[PDB]
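Working notes, beginning with the structure itself.
Readers should treat all values here as calculations from the given coordinates under stated rules, not as data from a laboratory. All Cβ positions, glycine included, derive from the backbone under ideal geometry; neighbour counts span all protein chains shown.
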Amino acid sequence: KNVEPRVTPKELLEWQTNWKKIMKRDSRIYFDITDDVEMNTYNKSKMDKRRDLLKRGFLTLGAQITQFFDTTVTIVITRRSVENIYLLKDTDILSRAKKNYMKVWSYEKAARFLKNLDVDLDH
């Protein structure tokens, strides 16, 4: 009903394109392999498929996925809680990630992110 959009196609494309760079040039991503829930095999396997899907998604962006966690990581993606890292062992990669000011995402956050960049996973 009003003729000017809040955000513009190009304005949005700008936001994407900038994130897309960060991804291609600087993003080193670790998928946390520790679970905080004793799911049954079925759901454990469903969560695993989603994880793989995200990996391919980010691969599509030219990000690096390390099988191995260290200080070079920039974003950790996990299925555990993100709000309670403080309760964990200093030893824990989520603790460490926080200690090194790394970015920590849920599977939900990651999915949103990818869709916000027009990566279609269902294909």
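Structure values in brief
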{"read-out": "Conditions (1) more than 17 Å from the chain's Cα centre (by Cα); (2) surrounded by 13 or more Cβ atoms within 10 Å (Cβ to Cβ); (3) polar (S, T, N, Q): number failed by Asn84", "value": "(2)"}
{"read-out": "Candidates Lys21, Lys55, filtered to the one that is without any contact (Cβ under 8 Å) to a residue 60 or more places away in the chain, out of contact with any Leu (no Cβ under 9 Å at 6 or more places or on another chain), among the charged types (D, E, K, R) and over 27 Å from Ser95 (Cβ atoms)", "value": "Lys21"}
{"read-out": "Selection from the stretch 1-36 of residues that are surrounded by 12 or more Cβ atoms within 10 Å (Cβ to Cβ), of a type in the set (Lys, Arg) and more than 22 Å from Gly62 (Cα to Cα)", "value": "none"}
{"read-out": "Single residue of the stretch 1-12 satisfying the filter (within 20 Å of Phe113 (Cβ to Cβ) and in a helix (DSSP H, G or I)) that is nearest to the chain's Cα centre (by Cα)", "value": "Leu12"}
{"read-out": "Single residue of the stretch 64-81 satisfying the filter (over 18 Å from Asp48 (Cα atoms) and among the hydroxyl-bearing types (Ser, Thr, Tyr)) that is surrounded by the most Cβ atoms within 10 Å (Cβ to Cβ)", "value": "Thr74"}
{"read-out": "Qualifying residue in the stretch 82-90 (condition: in contact (Cβ under 8 Å) with a residue 12 or more places away in the chain, closer than 26 Å to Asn18 by Cα, in contact with a helix residue (DSSP H, G or I) (Cβ under 9 Å, 6 or more places away or on another chain) and not in a strand (DSSP E or B))", "value": "yes"}
{"read-out": "Only one of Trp15, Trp19 that is within 21 Å of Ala97 (Cα to Cα), out of contact with any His (no Cβ under 6 Å at 6 or more places or on another chain), in a helix (DSSP H, G or I) and not β-branched (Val, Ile, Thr)", "value": "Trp19"}
{"read-out": "Qualifying position, being within 23 Å of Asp52 (Cβ to Cβ), of a type in the set (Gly, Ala, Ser), outside any loop (DSSP other than H, G, I, E, B) and out of contact with any strand residue (DSSP E or B) (no Cβ under 7 Å at 6 or more places or on another chain), among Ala97, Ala111", "value": "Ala111"}
{"read-out": "Among (1) small (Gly, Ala, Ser); (2) assigned to a helix (DSSP H, G or I); (3) within 18 Å of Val119 (Cβ to Cβ), the one test that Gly62 misses", "value": "(2)"}
